[PDB]
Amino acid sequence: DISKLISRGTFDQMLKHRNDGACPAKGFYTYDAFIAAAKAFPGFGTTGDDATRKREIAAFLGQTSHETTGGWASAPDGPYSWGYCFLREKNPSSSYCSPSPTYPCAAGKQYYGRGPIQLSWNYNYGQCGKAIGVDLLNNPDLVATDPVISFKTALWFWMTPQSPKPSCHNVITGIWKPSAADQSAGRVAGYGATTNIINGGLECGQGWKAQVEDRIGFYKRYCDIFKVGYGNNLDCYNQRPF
């Protein structure tokens, strides 16, 4: 299991500011919870050669670090050391409720971003909770109050295809092979295509974005600590959204 690819020491070096006084997530996102959650997701950081497995862990930690970042350009240790600072979306302007018989909503509950992937929407709390055997639809704040559940929501997101979108897993491990349509659309395997799965609509195929550069900075720093190459196609500026 991934414990022997990423030690407690490596995890704490990567996420070295998450326990800062100014981080609302201080003490929450533990190495023990990450390792436990990973055991619940067969193939996570155990798919492919050693370099691919480390790139998967760096890609997952890089994208989730961006979603939760407390960084700023002049921050101590630089902006790519401030991952996992936040638990909950800042200043949500919606309840993130899209009602259906398929995807119900709970009275008074708000499905704003929580945990490492900033899991949002009644439908994702619903599907994820079903997959991990916890009722997140009626207890969505468990994603911000239970660290193993928190990580499982992010790993669930990472590991779960949402057609037409492949899983971030299948992309970063090279299991995903682009279709004729993807090729024509400039959608190519690598870290960029994980940005496309995560927030392509707002971030991809529209040229340079500060948010995409932030995603890449975390990924490169974590790859550097693992002593692995980044692979190719790190940005999605020239990829059509899935």
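So that there is no doubt, residue numbering starts at 1 and follows the sequence shown.
A.B. asks: Averaging the C-alpha B factors as listed in the entry, name the stretch that ends up higher: 111-119 or 91-99.
C.D. replies: Between 91-99 and 111-119, it is 91-99 that shows the higher mean C-alpha B-factor.
A.B. asks: Per the PDB record, is the mean Cα temperature factor higher over 225-233 or over 18-26?
C.D. replies: Higher mean C-alpha B-factor: 225-233.
A.B. asks: Could you tell me which one of 189, 212, 35, 58 shows the highest CA temperature factor in the PDB record?
C.D. replies: In this record, 189 carries the highest C-alpha B-factor of the candidates.
A.B. asks: In terms of the chain's CA B-factor thirds, is residue 181 lowest, middle or highest?
C.D. replies: It belongs to the highest third of the chain when residues are ordered by C-alpha B-factor.
A.B. asks: Compared with the other modelled residues in the chain, in which third is the CA B-factor of residue 197?
C.D. replies: Middle third by C-alpha B-factor.
A.B. asks: Using the B-factors in the PDB entry, rank residue 204's C-alpha atom against the chain and give the third, lowest, middle or highest.
C.D. replies: Its C-alpha B-factor belongs to the middle third of this chain's values.
A.B. asks: Going by the CA temperature factor in the PDB record, which third of the chain does residue 66 belong to: lowest, middle or highest?
C.D. replies: Residue 66: CA B-factor falls in the lowest third of its chain.
A.B. asks: Looking at the entry's B-factor column for C-alpha atoms only, identify whether residue 73 ranks in the lowest, middle or highest third of its chain.
C.D. replies: As the PDB entry reports it, the C-alpha B-factor of residue 73 lands in the lowest third of its chain.
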